[PDB]
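Single-letter residue listing:
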Amino acid sequence: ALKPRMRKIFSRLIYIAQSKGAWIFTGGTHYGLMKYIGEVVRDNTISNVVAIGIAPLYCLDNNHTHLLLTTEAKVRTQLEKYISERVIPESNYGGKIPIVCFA
Amino acid sequence: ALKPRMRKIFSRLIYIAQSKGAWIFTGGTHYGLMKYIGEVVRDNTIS
Amino acid sequence: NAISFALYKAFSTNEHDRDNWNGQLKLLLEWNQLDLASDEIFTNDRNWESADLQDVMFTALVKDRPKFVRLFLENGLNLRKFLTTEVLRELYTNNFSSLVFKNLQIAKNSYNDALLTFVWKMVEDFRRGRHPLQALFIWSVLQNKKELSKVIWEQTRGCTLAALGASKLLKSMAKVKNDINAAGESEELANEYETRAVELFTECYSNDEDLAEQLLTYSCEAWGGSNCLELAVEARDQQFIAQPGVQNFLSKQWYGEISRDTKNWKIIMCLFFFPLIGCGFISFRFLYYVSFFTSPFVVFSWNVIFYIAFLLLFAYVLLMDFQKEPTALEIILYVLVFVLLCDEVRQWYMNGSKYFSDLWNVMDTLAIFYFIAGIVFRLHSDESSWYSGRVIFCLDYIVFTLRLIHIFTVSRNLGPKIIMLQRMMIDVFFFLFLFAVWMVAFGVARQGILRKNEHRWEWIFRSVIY
Amino acid sequence: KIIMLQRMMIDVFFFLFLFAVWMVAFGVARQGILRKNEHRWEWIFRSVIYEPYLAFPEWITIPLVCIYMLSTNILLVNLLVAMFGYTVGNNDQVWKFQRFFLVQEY
Amino acid sequence: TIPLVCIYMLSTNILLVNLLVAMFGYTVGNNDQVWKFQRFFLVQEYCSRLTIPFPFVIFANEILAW
Amino acid sequence: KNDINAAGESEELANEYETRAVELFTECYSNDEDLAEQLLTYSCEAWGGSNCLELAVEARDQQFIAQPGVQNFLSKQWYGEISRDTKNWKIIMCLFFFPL
Ligand SMILES: CC(C)CCC[C@@H](C)[C@H]1CC[C@H]2[C@@H]3CC=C4C[C@@H](OC(=O)CCC(=O)O)CC[C@]4(C)[C@H]3CC[C@]12C
Ligand code: NA
Ligand code: NA
């Protein structure tokens, strides 16, 4: 249920991620919020978010620019810990690349 | 932190002390509220 | 408010940023967390020195944080010692947006003013190479930093001035139609600097009124080079000048050193009879006559009764006198026109070729230029030009009455009817122009019908009109 | 209508005064042109007023009509300013007091 | 002669309309503030004159703590 | 005027589609103004066959056309490719003298 409040959260978030140049890891399928997310990243690459998707058979979301198709929600954890350890000498968050997990 | 409320207290106080002719004992140093206090006593010895 | 509140918690609980509190400030400055930074960083149980706050303030300006520039100032920051000249040129050369800077060049050219020539010089020599706090306020009011320029305004030394001068810098850039949104936001920002300077003056006027009016004519040490009152009339700040503080100051100025509580006629009964000033019949405030004849009420009252008595000896020289010799009654009528001309060469000063754009100062100037032709037609001794010199004196008697009528037309209806008049006066100027266009049409349709059909000269270029 | 009237009545009192000032001007520019040029007495102090009430072009006829455009402006403007002098200037209370002050005078 | 009076109806229209548009050009267009500034601008133009009579024209930082 | 109530409810519903299209355009005009004016003259693939601006003038939507977005677009159209910041007389002094 993408409520008019629930679409206020996940569209202000895309503009915030545009002002910072973030990545968005999500379930790369053509349903739910994940379909609504991909429509906003498609519409906001004209104004620098990169939406990486990680996944009967579910239809694939045709709005994630890089797709990463149980046995797959373990490289998602392996990915973020390599990112969260990764020190960068720009060093505004003490380096270490700030991670948020929206649930 | 001389807040806009914290400067409301210590500037109404100077005018109250002006209407009564008081003394103000404070830490005589060029910092903090004590610097902000001394600016109001400088500006209120003209009235 | 949820991401930065979550990201701050994972940063703060690393147990190594107690010394590195400066990391938590730039984190909370990259986002907009005023209430979190004021409670958990600037709360005085931690040891900071407020001298390494200067590289954080420079990012708090150029990243458009109008709430943190107020926070660093209320936590102690000497802004008149922070604003060094290399800091100010990092703003105008790097962090001044090129769209507003290209908007400034078009603002400087098509609407040229003494204020804008000061600002266009200021952006230029800051992009080339003291009162510095009055330069940061210019930096934030050009680019319409609407919440940030309210903070820098609160630090300025004289703020009855700088709220009005920024109200001019906006309104002179709110007419550039390259971006009507940026010209629209500059218009609504200047209205709340008018309003910011109205109540700052009425509070200055609810106290001692003589203390307030000294601030209206302050020299300002050449901020814009103008005073607070002259900065308002050139910017057409109608809300500032229509307040009862300033309109009282003009009425105290126009009556001058005479008090306004004598009567109206009580001054006029002293213009005729000079011994009545020396009594207590006037209540002005040793040689009160210099205070009397220098107040602009009696100056304007002299130049009407002298101008009325100018015409009654202009009529007397035109009926009894004016036989063949320019007699003694005409030589004073010669020099009084020259006296009425020798101020117009000073009205030829401070005009800028636009004080002749009221269509009534020119009718006063074409009056005197029609009078010198009557002098040229006078001393020629032939009866064909003597009578032709009498006729362009008599037509000039109307114009020297139409100046006097235009004096009475304005000076009675000077009030709420001064916008009804002089907007209507151009509207009848337009109507009689459309009448005279129609009379040329009706002349041709009368000349093209009646006789002398083909009997043509340069007669026809002048007969069809009259 | 007692505030519309008697504010307008002074406004036409002012306009006809500016008309009579102009008629003295147009009288002099009529007496100073026609004959009895130098035939003068205290005749002239009283003839110049009533004479417009009962009523060579080398380049001078074109400013004369420009005078007849400037003169008819500044009198017509004062006519219409007299037409709307009541308009400028709680309008309910101000006429009931002026209605009260006239009847209490009577 | 019948369009000539139609001209004498069309000509007297477009001049009479411009007469009455001139009669109410002041009406269109905060009305209190706009006349006090125009009252201010005229007197300050006359206060910008020399404050001497007509025949004589040929003759011619601690307050901020408050 | 067969049913003035249904003709009255259609009148007050159209006023909150005017108002629904005023603020949807001023938000489109508070952003890039050249991007907004391309939407005013869109071909629409024959929805009614008209553009958004021509649909407003035939419906006499006075609230939509009197907004400062569209009235700026006309003044930028009537001055044309000349900028509006030259002067008024500056164009007129170029009509007489072609080298200027
Ligand atoms: C006897 C005859 C030959 C002489 C008549 C004298 C008048 C021509 C003079 C003397 C009194 C004068 C007036 C005295 C008071 C003023 C008020 C003044 O109104 C204002 O308040 C100005 C606006 C302002 O600054 O407040 C305008 C001029 C006026 C009418 C003066 C205009 C000319 C007057 C009528
Ligand atoms: Na006339
Ligand atoms: Na006619």
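Residues numbered from 1 in each chain as written, not as in the entry; some residues may be left out. Chains lettered and ligands numbered in written order. Part of a larger assembly, values for the part shown. Heavy atoms only, no water.

- Going by what the PDB entry lists, chain F is known as Transient receptor potential cation channel subfamily M member 8 and is assigned to Parus major.

- Identification of chain A as Transient receptor potential cation channel subfamily M member 8 from Parus major is taken from the PDB entry.

1. Some words on the overall build of chain A
Turning to step 1, where the next piece is worked out: Scanning chain A from terminus to terminus reveals 3 helices and 3 strands.
Turning to step 2, where the next piece is worked out: The secondary structure elements of chain A, listed N-terminal to C-terminal, are α-β-α-β-β-α.
Turning to step 3, where the next piece is worked out: In terms of overall dimensions, chain A has C-alpha extents of about 45 × 35 × 25 Å along its principal axes.
Turning to step 4, where the next piece is worked out: Expressed as a percentage of the 103 residues in chain A, the buried residues total 27%.
Turning to step 5, where the next piece is worked out: In the structure as shown, chain A presents an accessible area of about 7400 Å², 60% of it carried by carbon and sulfur atoms. (Helix = DSSP H or I, 4+ residues; strand = E, 2+ residues; numbered from the N terminus. Buried < 20%, exposed > 50% of the residue type's maximum accessible area, 1.4 Å probe, protein only. Areas by Shrake-Rupley, 256 points an atom, 1.4 Å probe, with all protein chains shown as cover.)

2. Notes on the sheet that holds strand β3 (residues 66-68) of chain A
Residue and element names in this part refer to chain A.
Turning to step 1, where the next piece is worked out: Spatial strand order, β1-β2-β3: 3 strands in an open sheet with parallel pairing. Bordering the open sheet on either side are β1 (23-26) and β3, each of which pairs with just one other strand. The mean inter-strand angle of the sheet, taken between neighbouring strand axes irrespective of direction, is 20 degrees.
Turning to step 2, where the next piece is worked out: Of the strand pairs in this sheet, strand β2 (residues 50-54) and β3 are connected by 3 bridges, and their pairing is parallel. In the sheet register, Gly53 faces β3, and the bridge partner there is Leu67.
Turning to step 3, where the next piece is worked out: Packing against the sheet, helix α3 (residues 75-85) makes contact with β1 and β2, and its axis sits at approximately 155 degrees to β1. (Pairing = 2+ DSSP bridges. Axes fitted to C-alpha atoms, helices over the stretch in contact; angles between N-to-C directions. Contact = heavy atoms within 4.5 Å.)

3. Re the site of ligand 1
Turning to step 1, where the next piece is worked out: Lining the immediate surroundings of ligand 1 are C:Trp254, C:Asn264, C:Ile268, C:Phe297, C:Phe300, C:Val304, C:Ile305, C:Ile308, C:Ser411, C:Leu414, E:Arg39 and E:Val43.
Turning to step 2, where the next piece is worked out: Two or more chains meet at ligand 1, and those chains are chains C and E.
Turning to step 3, where the next piece is worked out: One of the side-chain N or O atoms of E:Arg39 is found 2.6 Å from an oxygen atom in ligand 1.
Turning to step 4, where the next piece is worked out: Contact with the protein chains removes 63% of the 750 Å² of surface that ligand 1 exposes when unbound.
Turning to step 5, where the next piece is worked out: Among the elements of the structure, α20 (296-319) of chain C together with α2 (31-47) of chain E are those that each provide at least two residues to the shell around ligand 1.
Turning to step 6, where the next piece is worked out: Looking at the shell around ligand 1 element by element, the count peaks at 5 residues for α20(C).
Turning to step 7, where the next piece is worked out: For the shell around ligand 1, a count of residues per class yields 9 nonpolar, 2 polar and 1 charged. (Near = heavy atom within 4 Å. Polar contact = N/O pair within 3.5 Å; in protein donor to acceptor, adjacent residues only side chain to side chain. Nonpolar A, V, L, I, M, F, W, Y, C, P; charged D, E, K, R; others polar.)

4. Comments concerning the packing of helix α13 (residues 180-206) of chain C against helix α14 (residues 209-216) of chain C
Residues and elements named next belong to chain C.
Turning to step 1, where the next piece is worked out: Packing of α13 against α14 brings their axes to within 7 Å, and their N-to-C directions diverge by 140 degrees. Relative to α14, the element α13 lies oblique. On α14, the residues touching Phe201, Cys204 and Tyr205 of α13 are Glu209, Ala212, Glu213 and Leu216.
Turning to step 2, where the next piece is worked out: Among the residues making up the contact of α13 with α14, the classes are represented as 5 nonpolar, no polar and 2 charged. (Parallel < 35°, antiparallel > 145°, perpendicular 65-115°, else oblique.)

5. Concerning the interface of chain C and chain D
Turning to step 1, where the next piece is worked out: Taken together, the contacts link 39 residues of chain C with 46 residues of chain D.
Turning to step 2, where the next piece is worked out: Of the roughly 4100 Å² buried at the junction of chain C and chain D (both faces included), carbon and sulfur atoms supply 78%.
Turning to step 3, where the next piece is worked out: Per-residue buried area on chain C facing chain D is highest for C:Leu319, C:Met320 and C:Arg412; these three make up 15% of the total on that side.
Turning to step 4, where the next piece is worked out: One can count 1 salt bridge joining chain C with chain D.
Turning to step 5, where the next piece is worked out: Here C:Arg412 and D:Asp11 are joined by a salt bridge, their closest N and O atoms 2.5 Å apart.
Turning to step 6, where the next piece is worked out: Joining chain C to chain D, the criterion identifies 5 residue pairs in polar contact.
Turning to step 7, where the next piece is worked out: Of all the elements in the fold, those that place two or more residues in the side of chain C that touches chain D are α20, α23 (361-378), α24 (383-412) and α25 (424-447) of chain C. (Buried area = accessible area lost by both parts, 1.4 Å probe. Salt bridge = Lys/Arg side-chain N within 4 Å of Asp/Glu carboxyl O.)

6. Overview of the packing of aromatic side chains
Turning to step 1, where the next piece is worked out: Tallied over the entire structure, the rule returns 60 aromatic pairs over all chains.
Turning to step 2, where the next piece is worked out: Both rings, one in C:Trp438 and one in C:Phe442, keep their centres 5.2 Å apart while their planes meet at 5 degrees; by these two values the pair is stacked. Placement of both C:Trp438 and C:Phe442 in helix α25 is noted, with a separation of 4 residues, approximately one turn of the helix.
Turning to step 3, where the next piece is worked out: Its relative accessible area of 26% is what places C:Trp438 among the partly exposed residues.
Turning to step 4, where the next piece is worked out: Pairing D:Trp22 with D:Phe26 gives two aromatic rings, centres 5.2 Å apart and planes at 5 degrees, and the pair type is stacked. In this pair, D:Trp22 and D:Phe26 are both assigned in helix α1 (residues 8-31), 4 residues apart and thus about one turn of the helix distant.
Turning to step 5, where the next piece is worked out: Under the relative-accessibility criterion, D:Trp22 is labelled buried at 12%.
Turning to step 6, where the next piece is worked out: For D:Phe26, a relative accessible area of 27% corresponds to the partly exposed category.
Turning to step 7, where the next piece is worked out: By the ring-pair criterion, three or more aromatic residues cluster together here, those being C:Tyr307, C:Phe310, C:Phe314, C:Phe322, C:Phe371, C:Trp386, C:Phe393, C:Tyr397 and C:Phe400.
Turning to step 8, where the next piece is worked out: It is C:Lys266 that lies over the ring of C:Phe281; its NZ or CZ is 5.8 Å from the centre. (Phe/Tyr/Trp six-rings, centres within 6.5 Å; stacked < 30°, edge-to-face > 60°. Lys NZ or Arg CZ within 6 Å of the ring centre and 35° of its normal.)

7. Observations concerning the arrangement of the chains
Turning to step 1, where the next piece is worked out: Between chains C and D lies the most contact-rich interface of the 7 pairs of chains that touch.
Turning to step 2, where the next piece is worked out: Left apart from each other, chain B and chain F have a closest C-alpha approach of 34 Å.

8. Things to note about the state of the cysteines
All names here are of chain C.
Turning to step 1, where the next piece is worked out: Inspection of every chain in the model, using the stated rule, returns 0 disulfides over all chains.
Turning to step 2, where the next piece is worked out: Here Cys159 stays unpaired: no disulfide links it, and the sulfur of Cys204, its closest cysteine neighbor, is 10 Å away.
Turning to step 3, where the next piece is worked out: We classify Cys159 as buried; its relative accessible area is 17%. (Disulfide = S-S within 2.5 Å.)

9. A look at the nonpolar core
Residues and elements named next belong to chain C.
Turning to step 1, where the next piece is worked out: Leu25, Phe68, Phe72, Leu142 and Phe240 are the most contacted members of the largest nonpolar core, which has 104 residues in total.
Turning to step 2, where the next piece is worked out: Excluding its chain neighbours within four sequence positions, the residues that come into contact with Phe240 are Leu164, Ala197, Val198, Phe201, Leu216, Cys228, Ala232 and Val246.
Turning to step 3, where the next piece is worked out: Residues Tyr307, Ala315, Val339 and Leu402 belong to the second largest nonpolar core, which totals 72 residues. (Core = buried A, V, L, I, M, F, W, Y, C linked by side-chain atoms within 4.5 Å.)

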